[PDB]
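Report on the following structure.
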Amino acid sequence: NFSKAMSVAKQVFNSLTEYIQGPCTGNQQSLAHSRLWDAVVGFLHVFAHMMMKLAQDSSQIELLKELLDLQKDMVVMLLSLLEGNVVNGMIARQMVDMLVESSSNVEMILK
């Protein structure tokens with residue numbers, strides 16, 4: 001079910017991670033001017049509620065472990081967009097808006 005879907009989702013993030021690693025100015029600017037931010041917000045929203053639900057069931061722990069490493073693949077992609085970051089950078093500022101919009105889900109993630 002979600003096990004095969006999350007496996008594909010990791011590779012989508014890993015490919016996105018690979019494009020910007022070894023800082024490429026063009027690719028970072030292209031991804032900044034893209035619908036990736038809303039795609040992250042939806043994934044963050046899914047990450048928030050599903051972690052709470054999956055933690056209750058002891059037989060569904062294996063799904064949570066696969067879910068957890070998927071979130072690790074996302075944050076690496078976000079940490080790669082900050083390569084070559086400058087003060088008040090466009091890519092940095094656009095990420096701040098994305099965190100603000102999904103601030104409700106992040107609080108549960110930290111919790």
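Labels used: A, B, ... for chains in the order of the structure tokens, numbers from 1 for residues in each chain, and numbers from 1 for ligands as shown.
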
- Task: Name the residues in contact with residue A:41 at a cut-off of 9 Å, using only C-alpha atoms, excluding same-chain residues fewer than 4 positions from it; report them as a PyMOL selection string.
- Result: chain A and resi 36-37+45-46+98-99+101-102+105

Could you write out the selected residues, including N, CA, C and O atoms, as a compact mmCIF listing (two decimals), in the first residue's frame?
# COMPACT_ATOMS: atom_id res chain seq x y z
N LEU A 36 7.26 23.49 -5.68
CA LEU A 36 7.80 22.56 -4.70
C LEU A 36 7.35 22.91 -3.29
O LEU A 36 7.14 22.02 -2.46
N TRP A 37 7.21 24.20 -3.00
CA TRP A 37 6.90 24.63 -1.64
C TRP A 37 5.55 24.09 -1.18
O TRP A 37 5.42 23.57 -0.07
N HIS A 45 2.07 18.20 6.04
CA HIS A 45 0.75 17.95 6.62
C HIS A 45 0.50 16.46 6.79
O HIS A 45 -0.02 16.02 7.82
N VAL A 46 0.85 15.66 5.78
CA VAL A 46 0.72 14.21 5.89
C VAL A 46 1.65 13.67 6.97
O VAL A 46 1.27 12.79 7.76
N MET A 98 7.19 29.25 3.46
CA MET A 98 6.66 27.89 3.45
C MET A 98 6.54 27.33 4.86
O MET A 98 5.56 26.65 5.19
N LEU A 99 7.54 27.60 5.71
CA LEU A 99 7.46 27.15 7.10
C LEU A 99 6.35 27.87 7.85
O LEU A 99 5.65 27.26 8.67
N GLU A 101 3.52 29.09 6.64
CA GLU A 101 2.22 28.60 6.21
C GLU A 101 1.88 27.27 6.87
O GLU A 101 0.74 27.04 7.28
N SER A 102 2.86 26.38 6.98
CA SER A 102 2.68 25.07 7.59
C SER A 102 3.22 25.03 9.02
O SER A 102 3.69 23.99 9.48
N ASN A 105 1.78 22.24 11.40
CA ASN A 105 2.26 20.86 11.28
C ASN A 105 3.66 20.71 11.86
O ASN A 105 3.99 19.66 12.43

- Query: Suppose you want the space between atom CA of residue A:76 and atom CA of residue A:14; what is it in Å?
  - Reply: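 One can read the atom CA of residue A:76 to atom CA of residue A:14 distance as 8.6 Å.
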
- 9 Å contact set for residue A:90, only C-alpha atoms, chain neighbours under 5 positions out, as a list in words: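 My reading of the contact set: residues 29, 32, 85 and 95 of chain A.
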
- Task: Quick one: pick out all helix (DSSP H, G or I) residues within chain A from a backbone DSSP run and write them as a PyMOL selection string.
- Result: chain A and resi 2-20+25-32+36-56+61-81+90-101+103-110

- Query: Of the candidates A:61, A:96, A:109, A:5, which shows the shortest atom-to-atom distance to residue A:78, using only C-alpha atoms?
  - Reply: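 Of A:61, A:96, A:109, A:5, the one nearest residue A:78 is A:96, counting only C-alpha atoms.
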
- Query: Which residue out of A:63, A:70, A:91, A:52 has the minimum interatomic distance to residue A:30 when only C-alpha atoms are used?
  - Reply: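 Between A:63, A:70, A:91, A:52, the residue approaching residue A:30 most closely is A:91.
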